[PDB]
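Structure first, commentary second.
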Amino acid sequence: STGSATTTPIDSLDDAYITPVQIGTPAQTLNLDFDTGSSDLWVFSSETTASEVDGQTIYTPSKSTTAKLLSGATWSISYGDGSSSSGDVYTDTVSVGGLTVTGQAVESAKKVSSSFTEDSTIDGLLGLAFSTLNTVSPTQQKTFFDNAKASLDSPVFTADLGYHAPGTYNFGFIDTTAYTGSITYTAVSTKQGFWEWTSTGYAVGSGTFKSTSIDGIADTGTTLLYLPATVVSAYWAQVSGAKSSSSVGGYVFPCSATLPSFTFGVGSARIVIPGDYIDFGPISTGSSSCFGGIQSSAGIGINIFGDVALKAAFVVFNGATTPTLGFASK
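Going by the authors' numbering, the first residue of the sequence shown is number 1, and it counts up by one from there.
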């Protein structure tokens, strides 16, 4: 089997991407944030505290003939931005782009933090990291990809995120028309439950490539590119007027600037992030200070290849017995 679904930016900055997901019978379609940095599929629901729902579409398990309460199971999760949610669990039929999993754990939110309430466009998350990170207790649950894997033509999914444009998540096959050149594969460590890999270095603009190992995660659920302070300083030093602002919470730059590209290494191959991808717009409405899309990972504890990086590539998440990651230009 295979599946294919379009993923769409939630706003004009590509802050996140939503993908429609069919849950239950008859189908209830919710727009979920596919997140390769977490492993819970959770949704706004009829059980979510009323004051914490503001425009999202909810899953109502009582209206699904295939929903079953997973007795005794609860979940609770926190993300890198400090947001959180928690609740109980149902099993139900979940389909993505034509690919159907029965008995998928659908984690129903009783509580969500303000950041979720305030974002009307995201109805929940669909985790695509390794199932060892799933927060369901007392019986950990498998991700949608893990449940689908054995039925797929090939045990893979691919992320093809657009810049200010829709893109595609595919399951079970590699669309060879979707990228240019070849896909370069690189080793993955699953020790932390993430799609963790080591980039071979970087370049700033037309500058020379610096060969240096950068361990980080491929995380579709993080907006920006978070890299070591040395790397980030080297980037922003090429932008007149750019500075790290403690009050704003990262590097900012004059909105009048033209940003240089940023290249990262995948083995001997190179992925180029165009400078425009690194512009996240005014820090506040009407400001001439713009927020940078490359930021320091210092004090996150890990480097994160988020959407800024991933959207410059066609990315293969290879879930073979020994997982690997593949990157191609496009």
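For each residue, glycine too, the CB sits at the ideal point set by N, CA and C.
By DSSP, does residue i sit in helix, in strand, or in coil?
i	result
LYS191	coil
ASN170	strand
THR132	helix
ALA67	coil
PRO61	helix
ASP160	strand
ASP276	helix
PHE209	coil
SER288	coil
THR117	helix
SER151	helix
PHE317	strand
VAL204	strand
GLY103	strand
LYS111	strand
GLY265	strand
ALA73	strand
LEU126	strand
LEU41	strand
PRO26	coil
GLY216	strand
List the whole-angstrom C-beta distance separating residue i from residue j, where the pair is believed to meet the contact cut-off of C-beta under 8 Å.
i	j	result
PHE171	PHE157	5 Å
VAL204	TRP197	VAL204 to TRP197, Cβ: 21 Å. No contact.
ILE278	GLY292	6 Å
residue 336	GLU47	Residue 336 is absent from the structure shown; the chain starts at 1 and stops at 330.
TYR202	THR324	Wrong, their Cβ atoms sit about 21 Å apart, outside the cutoff.
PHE314	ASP160	5 Å
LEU125	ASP14	Actually they are not in contact, since the Cβ atoms of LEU125 and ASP14 sit about 17 Å apart, beyond 8 Å.
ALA50	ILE122	Incorrect: roughly 18 Å between the Cβ atoms, too far for contact.
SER108	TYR59	7 Å
residue 331	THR91	Since the displayed the chain opens at 1 and closes at 330, residue 331 lies outside it and no answer follows.
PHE34	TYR169	6 Å
Starting from residue i and walking both ways along the beta strand (DSSP E), at which residues does that stretch end?
i	result
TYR90	84 to 96
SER4	3 to 9
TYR235	Counting along the chain, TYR235 falls outside any beta strand (DSSP E), though it belongs to the alpha helix (DSSP H) covering 229 to 236.
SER296	294 to 296
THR49	Element bounds for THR49: n/a, residue is neither H nor E.
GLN22	17 to 23
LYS330	Where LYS330 is concerned, there is no enclosing beta strand (DSSP E), given that its DSSP letter is neither H nor E.
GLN56	Premise fails: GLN56 is in no beta strand (DSSP E) and is neither H nor E.
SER12	Where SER12 is concerned, there is no enclosing beta strand (DSSP E), given that its DSSP letter is neither H nor E.
For the alpha helix (DSSP H) that contains residue i, what are its first and last residues?
i	result
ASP307	307 to 310
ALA148	144 to 148
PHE253	No alpha helix (DSSP H) holds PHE253; the beta strand (DSSP E) holding it covers 250 to 254.
Quick one: is residue i buried, meaning 16 or more other Cβ sit within 10 Å of its Cβ, or exposed?
i	result
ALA229	exposed
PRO26	exposed
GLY167	buried
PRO254	exposed
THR93	buried
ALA165	exposed
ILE300	exposed
Query raised in the report: Quick check: the segment 210 to 221 against the segment 269 to 282, are there 3 or more CB pairs under 8 Å?
Result: no
Query raised in the report: Is it a yes or a no for the segment 313 to 326 touching the segment 152 to 168, going by three-plus beta-carbon pairs under 8 Å?
Result: yes
Requested in this report: Kindly confirm or deny that the segment 7 to 16 and the segment 81 to 99 touch, where touching means at least three C-beta pairs closer than 8 Å.
Outcome: no
**Report entry** Given 8 Å, three or more beta-carbon pairs between the segment 130 to 140 and the segment 224 to 238
**Finding:** no
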